[PDB]
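Quick notes on the structure that follows.
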Amino acid sequence: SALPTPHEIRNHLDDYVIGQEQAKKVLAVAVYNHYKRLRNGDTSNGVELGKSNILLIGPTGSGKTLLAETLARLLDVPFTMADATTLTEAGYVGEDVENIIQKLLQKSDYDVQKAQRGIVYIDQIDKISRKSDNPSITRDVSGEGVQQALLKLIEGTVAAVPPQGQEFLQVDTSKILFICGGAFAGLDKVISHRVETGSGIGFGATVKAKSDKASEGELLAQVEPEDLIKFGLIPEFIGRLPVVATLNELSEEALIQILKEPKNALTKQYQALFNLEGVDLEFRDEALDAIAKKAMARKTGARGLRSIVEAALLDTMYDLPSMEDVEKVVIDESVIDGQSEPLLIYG
Amino acid sequence: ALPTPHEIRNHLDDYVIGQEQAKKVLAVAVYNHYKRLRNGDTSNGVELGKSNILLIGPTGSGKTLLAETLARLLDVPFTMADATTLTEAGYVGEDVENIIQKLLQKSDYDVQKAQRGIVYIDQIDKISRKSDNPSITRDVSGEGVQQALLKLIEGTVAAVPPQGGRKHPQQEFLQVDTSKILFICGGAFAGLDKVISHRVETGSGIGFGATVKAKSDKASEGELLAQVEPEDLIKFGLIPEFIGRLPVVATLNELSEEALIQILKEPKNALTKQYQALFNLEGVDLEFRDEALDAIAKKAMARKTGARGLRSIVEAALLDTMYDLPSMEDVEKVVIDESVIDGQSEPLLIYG
Ligand SMILES: Nc1ncnc2c1ncn2[C@@H]1O[C@H](COP(=O)(O)OP(=O)(O)OP(O)(O)=S)[C@@H](O)[C@H]1O
Ligand SMILES: Nc1ncnc2c1ncn2[C@@H]1O[C@H](COP(=O)(O)OP(=O)(O)OP(O)(O)=S)[C@@H](O)[C@H]1O
């Protein structure tokens, strides 16, 4: 009963994700090492084995949420996908932190011994951060307060969970892994202050003003915990998440592979959408390069790609069901620009 | 015979390093708790007092670790609760009495054995009153929790449903005294250094006569917390009536460059021993030369996160090696060099 390896688990995520080689290594080692700590019954010399959570950081639509979703498929141990926006500071009307553990049991069928060895993922983590409110004039119930509650959850404790909705079940969390990730906004500006040192207003001071500092791919790599403190996160919270994963923006070359290599790509989606209708679909390489340039200008990422395709094919889809004897559709580069219309084959 | 402070401290030293004054406070309390417990109103003196503990220190200093290691050697029951999940006597979050309920689970519902137990609370700063908040409001999380704990630290009796009850039929509760129960509250306070500076330095004068700050780095956190007093905590948000219940105070100094080196080798549960055991099952050995450990100390202190921010320095380095180590075969030992920590070199692998 040999366990999988990082090279093996990386091959699975590579089929669904592209151009995130640095981040996939982190999830592979954590998942790999998670089975090792579970394999040991706390009997070896290395008693009280340490834990190492993960903090995923990337631009918008870079594929953070997709990694955690595809991971749960091949994962044997349970998995959940919660959100931090709905949390509150232990007593307000929104929600409690313990609800995350409740969702985990639904996947494990209320198996405590099986749920303790599970994995947890959190999305939209940047929402819980002091918005330039370090003095803390008032208490943030949806922000700072949430981080304070999660502090003990990442270390390990026991939390009451109503089974099935006057007793409660205790579920340890010292061995549970957490993968928190949320695209941070404005983080590039704070990191620039530490490394720019280029105000240059006086005579002696030097003003670079080359506009090259705004390189997200190269700027996030230089991140550190101190940079997050100025953002709003508490140091106590970051210490619970030692590992950090930085994701690069999507380049023009990477976007082309997203439409062909992944099985769940949009090209294969529409290909099957028309397959049921008895019509073939095609996408030439000349059209893919033009779509990549149009998406990067939108500053939205992979998620802002459907707007380029659906808008281009909206007119064709409207009149396609009424049309008969059409077996194939070809989309040229001019169609995206709007100069020409898609070519339809009859037969 | 009962344990001794030197013996109980020698045990904690195996799991904790670089905290001399903090270990002394816990030893005297535990050593004195058995005395008050052994002779309850069975001596010439009567009305034996009590002295709780208030642990204060930076992040990753070892506050939560002392409570865990203490439970291993402690005979009487012990628990590890939290203050973030508490509400003010009626709201939806939680009641203060849940702390006593958790104590009975470990004591097997032994009321006589539960009153003689010890209690620990973590993250006490999270219930600190916001000094200047809107007057028309109610701080159920921060002010209410302190108000509720007042009678608890002093001594009272609280209703506790035993086992939760089978149904409405029972509708009874058990009384559990708390006058003899010890409480060890602790939590990293944020912004406390700024409060002591205003009271101690009393400068920040732009004028000529006023003395301006000599350097940017001043008022060392370790040396600044030592000058703490109860009046400082009042400006933080705590109520004097609550702090009066916790007379003893312990100031934990931040980590030192030499202390971090000892934490990886002297303790039994050190990270080096953890990773060594991680590869021991894999049939692979490991090495960590002192030339690399001292270099890691500079990287950790730069983060200003504490000992808990050390895994980021190690796992970020060994991420590449662990990724391809299982696929590789005929490898028996691994060597770690100083350059690898810097990132300019690749760790050497010993074939076999
Ligand atoms: N590498 C990728 N390969 C293929 N599709 C991708 C990739 N990255 C993103 N996508 C697409 O983008 C969609 C959403 O990606 P997400 O994982 O949500 O990105 P994100 O960083 O999580 O954005 P946020 O943080 O949720 S606003 C996916 O369902 C895919 O359709
Ligand atoms: N003196 C020490 N010796 C060895 N390891 C230590 C020491 N102090 C801290 N550590 C390490 O730091 C980890 C956590 O320390 P903690 O006691 O949780 O710090 P902390 O101040 O309690 O964190 P808070 O209270 O949530 S801000 C331990 O599991 C150890 O790995």
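First to last, the protein sequences are chains A and B.
Heads up: the first sequence begins at 1 in our numbering, then just goes up one per residue.
Heads up: the second sequence begins at 1 in our numbering, then just goes up one per residue.
Every residue gets a Cβ at the ideal spot worked out from N, C-alpha and C, and that includes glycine.
Spatial neighbours of residue i in its chain, beta-carbon cut-off 7 Å, leaving aside the 5 residues before and after
i: residue 67 of chain B; result: 80, 120, 184
i: residue 127 of chain B; result: 83, 141, 142, 145, 146
i: residue 162 of chain A; result: 168
i: residue 330 of chain B; result: 351, 352
i: residue 344 of chain A; result: 326, 329
i: residue 116 of chain B; result: 37, 76, 180
i: residue 229 of chain A; result: 235
i: residue 71 of chain B; result: 78
i: residue 92 of chain A; result: 141
Close Cβ partners of residue i (< 8 Å) along its chain, the five nearest in sequence each way excluded
i: residue 246 of chain B; result: 52, 53, 54, 153, 183, 185
i: residue 261 of chain A; result: 15, 18
i: residue 355 of chain B; result: Because chain B is modelled from 1 through 352, residue 355 of chain B falls outside the range shown and cannot be assessed.
i: residue 290 of chain B; result: 261
Beta-carbon proximity of residue i to residue j, cut-off 7 Å
i: residue 57 of chain A; j: residue 246 of chain A; result: yes
i: residue 277 of chain B; j: residue 46 of chain A; result: yes
i: residue 89 of chain B; j: residue 103 of chain B; result: no
i: residue 139 of chain A; j: residue 35 of chain B; result: no
i: residue 303 of chain A; j: residue 61 of chain A; result: yes
i: residue 312 of chain A; j: residue 335 of chain A; result: yes
i: residue 69 of chain B; j: residue 26 of chain B; result: no
i: residue 178 of chain B; j: residue 122 of chain B; result: no
i: residue 319 of chain B; j: residue 24 of chain A; result: no
i: residue 97 of chain B; j: residue 86 of chain B; result: no
i: residue 333 of chain A; j: residue 290 of chain A; result: yes
i: residue 271 of chain B; j: residue 279 of chain B; result: no
i: residue 294 of chain A; j: residue 308 of chain A; result: yes
i: residue 327 of chain B; j: residue 7 of chain A; result: yes
i: residue 196 of chain A; j: residue 210 of chain A; result: no
i: residue 190 of chain A; j: residue 133 of chain A; result: no
i: residue 166 of chain A; j: residue 164 of chain B; result: yes
i: residue 171 of chain A; j: residue 112 of chain A; result: yes
i: residue 315 of chain B; j: residue 243 of chain A; result: yes
Residue i classed as buried or exposed, judged by whether at least 16 other C-beta atoms fall within 10 angstroms
i: residue 135 of chain A; result: exposed
i: residue 258 of chain B; result: exposed
i: residue 322 of chain B; result: buried
i: residue 78 of chain B; result: buried
i: residue 33 of chain A; result: buried
i: residue 274 of chain B; result: buried
i: residue 2 of chain B; result: exposed
i: residue 152 of chain A; result: buried
i: residue 200 of chain A; result: exposed
i: residue 102 of chain A; result: buried
i: residue 248 of chain A; result: buried
i: residue 218 of chain A; result: exposed
i: residue 301 of chain A; result: buried
i: residue 58 of chain B; result: buried
i: residue 30 of chain B; result: buried
i: residue 47 of chain B; result: exposed
i: residue 263 of chain A; result: exposed
i: residue 51 of chain A; result: buried
i: residue 297 of chain B; result: buried
Chain-order list of residues whose beta-carbon lies under 6 Å from that of residue i (same chain, five-residue window excluded)
i: residue 62 of chain B; result: 16, 19
i: residue 230 of chain B; result: 243
i: residue 108 of chain A; result: 78, 114, 115
In DSSP terms, what residue i is bridged to
i: residue 344 of chain A; result: A:329
i: residue 81 of chain A; result: A:121
i: residue 182 of chain B; result: B:118
i: residue 320 of chain B; result: Per DSSP, none; premise fails for residue 320 of chain B.
i: residue 176 of chain B; result: B:158
Worksheet item: Taking only runs of the alpha helix (DSSP H) that begin and end inside the segment 228 to 301 of chain B, which ones reach a length of at least 4 residues, in chain order?
Response: Runs of the alpha helix (DSSP H) lying entirely within the segment 228 to 301 of chain B, each at least 4 residues long, are 230 to 236, 240 to 243, 257 to 263, 271 to 280 in chain order.
*Segments of 3+ residues assigned as beta strand (DSSP E) that fall wholly inside the segment 106 to 162 of chain A*: With a minimum length of 3 residues, the unbroken runs of beta strand (DSSP E) contained wholly in the segment 106 to 162 of chain A fall at 119 to 123, 158 to 161.
Every unbroken beta strand (DSSP E) inside the segment 23 to 81 of chain A [3 residues or more]
Taken in chain order, the whole beta strand (DSSP E) runs of length 3 or more contained in the segment 23 to 81 of chain A are 54 to 57.
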